[PDB]
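Here's the structure we're looking at; comments come further down.
Read from first to last, the chains carry the letters A, B, C, D, E, F, G, H and I; within each, the first residue is number 1.
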Amino acid sequence: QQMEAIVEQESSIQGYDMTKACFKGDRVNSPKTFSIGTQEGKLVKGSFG
Amino acid sequence: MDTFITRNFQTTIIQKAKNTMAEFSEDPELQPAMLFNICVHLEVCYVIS
Amino acid sequence: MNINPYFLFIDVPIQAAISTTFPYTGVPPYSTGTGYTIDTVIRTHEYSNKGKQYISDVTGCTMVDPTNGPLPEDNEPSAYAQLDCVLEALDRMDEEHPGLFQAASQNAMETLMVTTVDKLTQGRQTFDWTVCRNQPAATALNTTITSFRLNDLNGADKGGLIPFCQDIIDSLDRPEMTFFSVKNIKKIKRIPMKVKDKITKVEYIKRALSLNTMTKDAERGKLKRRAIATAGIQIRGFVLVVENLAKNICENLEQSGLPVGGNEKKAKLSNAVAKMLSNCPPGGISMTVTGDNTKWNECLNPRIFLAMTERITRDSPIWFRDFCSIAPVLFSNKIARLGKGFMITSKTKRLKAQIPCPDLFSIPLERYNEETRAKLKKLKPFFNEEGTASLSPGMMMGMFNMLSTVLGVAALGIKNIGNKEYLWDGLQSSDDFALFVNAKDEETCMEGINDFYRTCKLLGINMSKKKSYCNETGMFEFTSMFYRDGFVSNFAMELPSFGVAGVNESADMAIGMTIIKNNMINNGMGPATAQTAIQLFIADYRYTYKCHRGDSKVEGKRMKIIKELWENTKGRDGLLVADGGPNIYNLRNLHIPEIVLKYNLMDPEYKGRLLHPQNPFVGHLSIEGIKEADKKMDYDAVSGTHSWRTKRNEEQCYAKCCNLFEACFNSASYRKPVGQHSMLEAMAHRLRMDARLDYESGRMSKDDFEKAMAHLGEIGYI
Amino acid sequence: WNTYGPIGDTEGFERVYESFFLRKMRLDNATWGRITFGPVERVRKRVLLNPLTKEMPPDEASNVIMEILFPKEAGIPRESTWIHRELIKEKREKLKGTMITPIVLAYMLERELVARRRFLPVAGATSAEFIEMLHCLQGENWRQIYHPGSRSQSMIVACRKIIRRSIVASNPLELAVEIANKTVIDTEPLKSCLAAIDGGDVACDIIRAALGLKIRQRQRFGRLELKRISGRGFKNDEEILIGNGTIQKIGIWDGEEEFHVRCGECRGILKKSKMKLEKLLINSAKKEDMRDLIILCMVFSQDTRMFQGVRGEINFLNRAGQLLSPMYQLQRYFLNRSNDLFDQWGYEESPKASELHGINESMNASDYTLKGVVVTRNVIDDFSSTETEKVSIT
Amino acid sequence: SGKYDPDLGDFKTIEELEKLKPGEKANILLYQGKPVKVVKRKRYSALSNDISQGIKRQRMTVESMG
Amino acid sequence: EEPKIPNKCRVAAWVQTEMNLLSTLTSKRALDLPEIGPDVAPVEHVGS
Amino acid sequence: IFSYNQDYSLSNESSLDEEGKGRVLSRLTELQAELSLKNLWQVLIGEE
Amino acid sequence: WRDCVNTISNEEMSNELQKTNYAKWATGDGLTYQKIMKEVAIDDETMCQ
Amino acid sequence: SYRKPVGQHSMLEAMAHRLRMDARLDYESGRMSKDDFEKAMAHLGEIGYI
């Protein structure tokens, strides 16, 4: 559900469907990355999956 | 009761009954059974005539 | 690297990912309730201990009256409601609306004169005094009707609720009270029989006023347990009438969140916030108070509700005014039953024993735990000898939801105090209120908030300063629905609804798919989520009924027969998921029952067998639930072999009389019959006509006719 | 049994479950289109969840069901079987030759006749055919194109004609009801589609009031549907000079008030004080509807500026040739000449904010809006508690 | 019209009811039982028409007297 | 019997390691779901 | 005089034909049945 | 066709349809494919000539 | 439809003339009182085309 909402929000921005873009990315949009963890006080990103 | 009177009786008969009640200073709302009786009386009279 | 789920909120707003915060997937908390009930009584009396303490001379139980009591001098909860202020709020509401009170009272009276006694059979479990337990509403009403017949009480046979309430009020005066009680006689076996028991007037009054208690275990999002109270049948009629009146009044009030439910409530919420945003002055601030009231029923005196009922019916017949004022009177003198009692054990002897409540004080208090020691030392003054607590002040949760909401809306609608440069308005619904205060700056906004808090404290309402907060308009929460910048996320809490409905195969499937489609419509469940929900539901549905795909190598009793059917029939796309058929449901066709969906794909033999006009698995008496799935949810199914029913887990008198009447007049099962004559004569006439028609058609033999007519004459109808 | 055993009759399902197979037919022959992933504006509306063969009130539905599938126990047919005689005979013929338990057929007929309505968020079409598939068509941030596999205009015209015929005479009510219950639309009196739809045009509401039916209690002023929110307005007579120079004695509302206002596809909130309009919030729906809403709310508010904006004359009548009250004369004058009070009303700076944006006199989404008017880029949902309160008919 | 009136003996079905010529008397059961006596109709009725004509006559009388 | 209150403990270390380990790909897959009907509308194609 | 139980008293039996009495009685019986279905029959109280 | 005849039989000088609903939905004017950026098509595998 | 003193007139000049004529007509028909009239001419005097 939540991830669906996330993807839908992205789709609201630009018209086409991004489920391939958020997961793996495409030639026009970089893969979507969240903030997932940390190490030595340095937060680390993480893929959509 | 007034809902039944509205459903089962025409607006004309209801108006005649209300006028008759007003002539007698009797409130139709406070005596819905009497209003129904007067409406039935008018309806049966019209049906006879 | 150390993972951290909370970091998701760094890249996402909390409201967007609010669904993940709630742990609505684990085991909900579940439970003796006597401790909680005693604590609730203790708190209820503590909040109003400064009131006027007297002794009821009708029942002998201590009573505490907080109304018109000392004005609180501390933030602690206060039940000291001033009657004049309540009447002022009611008068302001009346002025702000065109004769709303009169219209609501008249409509309540009209629908009351049309209501039947059997409406009391609805609802939940109810306290039964003939056994002093909790029994289903229907059984409790039937037992009280039966008992009343012995003491020269009638009106239930007279139909309408007016005679039933009249003879209920009469029953409180009979010098005795006879009824039937269950006697578990030893014979070793314990056989239950009916024993004609009698009780005095005081005992009957106490029984009628007693409120049974139970633990609210089903709660999901609260660590500490609350006790829910069930009332007797002698209060159900009056409470129902007052609740209907309050619903009529509050429905028009735009400030009331009840009784509208679903997208209507979201519409009201968004409309209200938009209205307040529009009404703001230039450069002023409209602050929203997210409020979550606590002790919402331990501070509301039933006397205030009596005053509200009298003021609401200012212009109405005296008889109706007296009738609708009985419920506040019964609640103002209520008594609370006390669970099943504490349990004392010795570990040096491996011994344990539960102590019934009547014996609470038969033991030296030095043996209970210190906490229960203090609880009993504080409960002693109000403890009845029979084992009940005298609980006059306050209310138990769930009784006057509509009336309490109306009082809250009355508090909201004052809209000003002292002509100060601000205004306020909001939404209130049964212990959850969201307020909006418009002013020219934050300081005046909180001046208004404080004024509203003080005004609430003048009616027994005490907003929780710990569970509430304030912010700028455009971001708040109401009844677990979150609003932020126009986005109202329906907090995804309908997840625990994808299990099989447990009524039968076809009906369970229809209910599940309709639930999925309704969730898609309402909660914004995405298409991928709906497809995965279909997948999971089909998995659970196949597992629960032991019917997987016929091709699959799973073993089972019915699975062997499903395998047989898989190749015994050519058309393999028409079988049902209950017959190991392939799933066909998708988003586009969740609104179509599958039987009609697969009708083309079936085989003539298969559809003939499954859709037989007569099925031993389908019975007429099983049709009761074909309309509404127990909330009454409408579902669409199809008659077939999979429309069966599960085995079961003056009773026989009424049951078989009704069953026989239905079997005679098949139209009765659908619409209410009409007639001013005894059931026996109607059945006799119908059966005589049916016998004559059966013979004339050759369906009955002559000896059969003569036997039937002899029986009918013996009945005394020929 | 599903594998072997007795083989039944397949005929009954062709017609008995007609509604379900019609649903399947509408799904199968439907044509799909593109998907628009952009945000979708949705309004909460009272919509009929499923199409109905012939919408009727619950009591008439039950009586019809009994008259269909319960030949016995049919004492004294009421004034409802003659209206639905065609439905009675059609369903009777269709269901004859079956062996299903009668209760199943009764419940299915109840579904097929009794209406089911709910509040739903909708955007676009609203017929039950589209509502059936609303779960797929709509979407918070996605929309799909769908085309599923009349009497209304005729009833509007008939009700208007009846109103015009009856008004000109004395005692209009009796004549109007006589014509209404003596009228017919190709198979049935007018109490077959009036009783079907909820509310409708003002003429239909007036006729329903003259007949026996329930009408939504929204206040109709011209085209505006008004729902009071709060405040009480004291209607007191006052002598006011009109912009034309004439002086008229009319009723004015002392005190502050607020109303939810609807007109066609335009919704809004209006807050007015005596002899002045204070605030108006609207959503962008349609230029024609927005102009109608603005002008009608202007006339209703009885703002002194509206009176001072008159330039022509007020002596109009109706098709029946009657002189109306000055309020409706002003309504007609301003609607005929929309650019009369708009020019002299005065302008107000644009609603500087995240979403609140103005609208000019030409109805284009242009800044430098009218004094008071505001257009919010949000959804205004109004008209709750449709109590259908008791209403009398003069 | 009338009550049970057992002179006809037992009740008769709709099919046997149709056999009776217009103006006859028959013994039937109304709703769930309720024996009654009925008379076959010789016409088709319209209560609305009757009420409307009665109102028309009443107002004609009122106007003529006025 | 006196009520038995839960112990007041401290932050462990196994919880974090399990949180990390259960959230990593493995060559082994167990979660399987039943099939659904063919998807003919574009919306259900996107959903698939 | 007509009653709700399908009986009547007429000063003259030729004043009304069979159809008129039958129709009035049918209307009265329908009213009675509808009232009973709405439970207004018992609540209803006559002209005395 | 009904809309066309209604427009022809009206009084306004213009010959412009005002009930665009059936006109739009009848000629398949809403079923036209939506053009997307070439990059997505290159990335996508289901887009074939 | 067309009240523009077109022909290279500065749009500000055309606005000034239009508002002057509108104020004149409003006062002549009585839409504005003498106070509003004088206030409008004051502002129009401040414009530069009056």
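Note that contacts are C-beta pairs under 8 Å (C-beta built on N, C-alpha and C of every residue); 3 or more make two chains touch, one makes a residue touch a chain.
Novice: Computing the C-alpha centre of each chain, which chain sits at the greatest distance from subunit G?
Specialist: If we average the C-alpha coordinates per chain, I ends up farthest from subunit G.
Novice: Counting C-beta pairs in contact, does A-D beat E-G or the other way around?
Specialist: Of the two interfaces, A-D and E-G, more C-beta pairs touch across E-G.
Novice: I'd like the Å distance between the centres of subunit E and subunit H, where a centre is the mean of that chain's Cα atoms.
Specialist: 60
Novice: Express in whole angstrom the distance between the two chain centres, defined as the mean CA positions of subunit D and subunit I.
Specialist: 46
Novice: Between subunit A and subunit H, what is the gap in Å from one C-alpha centre to the other?
Specialist: 35
Novice: Enumerate the residues of subunit A that touch no fewer than two other chains.
Specialist: 8-9, 15-17
Novice: Specify, in ascending order, the residues of subunit D that touch 2 or more different other chains.
Specialist: In subunit D, residues 33-36, 72-73, 75-76, 136, 139-140, 142, 174, 177, 181, 390 touch at least two other chains, as defined above.
Novice: Hunt down the residues of subunit C that sit against at least two other chains at once, touch-wise.
Specialist: Residue numbers touching two or more other chains: 1-3, 113, 524, 526-528, 530, 587-589, 665, 667, 674-676.
Novice: Within their complex, state which residues of subunit E touch subunit D.
Specialist: It comes out as residues 14, 29-32, 34, 47-49, 52, 55-56, 59.
Novice: Along subunit G, where are the residues that touch subunit E in the complex?
Specialist: Those in contact with subunit E are residues 5-7, 18-19, 21-23, 25, 27, 29, 33.
Novice: Inside the complex, what are the residues of subunit D that reach subunit E?
Specialist: Answer in residue numbers: 71-73, 75-76, 79, 171, 174, 177-178, 181-182.
Novice: Considering the complex alone, what residue numbers of subunit C touch subunit A?
Specialist: Residue list for subunit C touching subunit A: 1-4, 7-8, 10-12, 16-17, 19-20, 492, 524-529.
Novice: Please output the residues of subunit B touching subunit E within their complex, sorted ascending.
Specialist: 10, 12-13, 43, 45-47, 49
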